[PDB]
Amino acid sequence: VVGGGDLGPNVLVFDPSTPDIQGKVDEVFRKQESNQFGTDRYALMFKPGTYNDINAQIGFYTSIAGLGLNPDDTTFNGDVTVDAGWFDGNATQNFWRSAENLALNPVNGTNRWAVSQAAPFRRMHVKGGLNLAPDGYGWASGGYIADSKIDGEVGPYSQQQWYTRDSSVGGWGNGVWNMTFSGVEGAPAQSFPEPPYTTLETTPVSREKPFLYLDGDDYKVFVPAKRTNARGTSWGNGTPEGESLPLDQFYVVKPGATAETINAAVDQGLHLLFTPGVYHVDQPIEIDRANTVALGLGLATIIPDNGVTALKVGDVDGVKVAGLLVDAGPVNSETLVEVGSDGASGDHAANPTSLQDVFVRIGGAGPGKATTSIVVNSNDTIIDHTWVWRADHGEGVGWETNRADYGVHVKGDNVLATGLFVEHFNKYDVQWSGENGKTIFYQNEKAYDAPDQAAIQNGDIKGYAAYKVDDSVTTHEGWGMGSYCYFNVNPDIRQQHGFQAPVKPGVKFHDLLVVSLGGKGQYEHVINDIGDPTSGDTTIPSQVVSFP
């Protein structure tokens, strides 16, 4: 297998002398603005330089990034904008897009990034304010900022929840249901429940997402080294610790690539660069070599056919999976993504495997089925930004039609999730069986389409927790976690709790909430049989500050 080669027609590369950049980006946006489930994919890439009079509007399945080693190398006098015009001001479906490695001088002083899930904002320098809300302050369900510097105020306004890590902000305007911060210089003080700020001084461990850049005229991928007890940006005081890999050390995956070829590339020592597109596989992609980077551009998507697993990472150190959507096929897959083997017991603390900006979809673009979406077997794994989503709208949706029982199952020890979003599973959205797990920020919605109370009976419990720590676990800790319900098929359904965990000194939670959306169903409790039920139709959270 040969490494390197052209990035293909879905990677649009601009430099400051490119004619009609605005017209080019506008045409991508015209096509992608409302294209929620289409198969088209785009990566917009900007060579280092200064770009004037630019407003890059970002639609579905569109990534935008600069190609400098540092964010300020690629500067827009202008904006990278997501708004909600196509949905009449409602931003709750602004999914599957990304911005990375750019500096912005927004034209009116404020850049708008009004997104919901799977819309990461990484390694950005906003020289102004950042507005996360749609014009008109309608509903929005974000969001994720990492390794970024916002010189002025971040204004969430109507954003329901948000996670920011390892960043610097000049100010922070408000909280709604759950704004969580770890390692954020300028974060508002811990104040939950009012305002609902969950604030941690540092992030226990983080490792910034690898990214494509240009070293002179040569393409390379920069691979940041890990930080322990991280705080502030990695690039603020100049280039961080990390390694650069030349593009010729990557198999550049395009249409036509089989799992057999991809697997052969990894076995031969090549890393993986998935150009934007949709890749069907008839057997799992297997990454069994330590330190392999598997990096996707433009929301590159993998669909497993015939019920196979899409991606299996072996029991090795340092695998970095980033920027991929795994989209279930119509034939049920027992698992979509497995990190490590069943029973994996190896230590990877010094050099963990990570999933970053890995998104899963079951249904919505056609019928899709999977029993468990992500199984994390390997000890020390970092899950840093994931959205694992059983579709509630689109094509191929139904209680059976797109049944997906379990979202994420964590079996490894010392696993860390930062920015965990899991929604709509028929049974437990997240289950955690390994020891010493930590979650910083969780957002869940319960399945809308349970037909009746019996359909979600869980032994002698009504409903399955959105986040379940197994009763055998001795040590676990979670911060800033919310579960919301919208039982619209049968609003008489009651969900016993959002969270379930054993009662032990080393199993702790901080800042939990449950919310009924418009009275469609209600929660009886917050965690276990503790905390007040939700009531009425006005969407007021029920909260618990500390457990146990």
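Each residue number is its position in the shown sequence, starting from 1.
Comparing the deposited coordinates for 307 to 315 and 112 to 120, the stretch with the larger average C-alpha B-factor is 307 to 315. Note on 521 to 529 vs 6 to 14: mean CA B-factor is higher in 6 to 14. The PDB entry gives the largest Cα B-factor of the residues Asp147, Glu477, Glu338, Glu243 to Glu243. In this entry, the residue among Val253, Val326, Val169, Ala391 with the greatest C-alpha B factor is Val253. For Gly143, the recorded CA temperature factor ranks within the lowest third of the chain's modelled residues. In the PDB entry, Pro505 places in the highest third of its chain by CA B-factor. Looking at the C-alpha B-factors along this chain, the one for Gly498 belongs to the lowest third.
Sort the chain's modelled residues by C-alpha temperature factor and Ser206 lands in the middle third, per the entry. In the PDB entry, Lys462 places in the middle third of its chain by CA B-factor.
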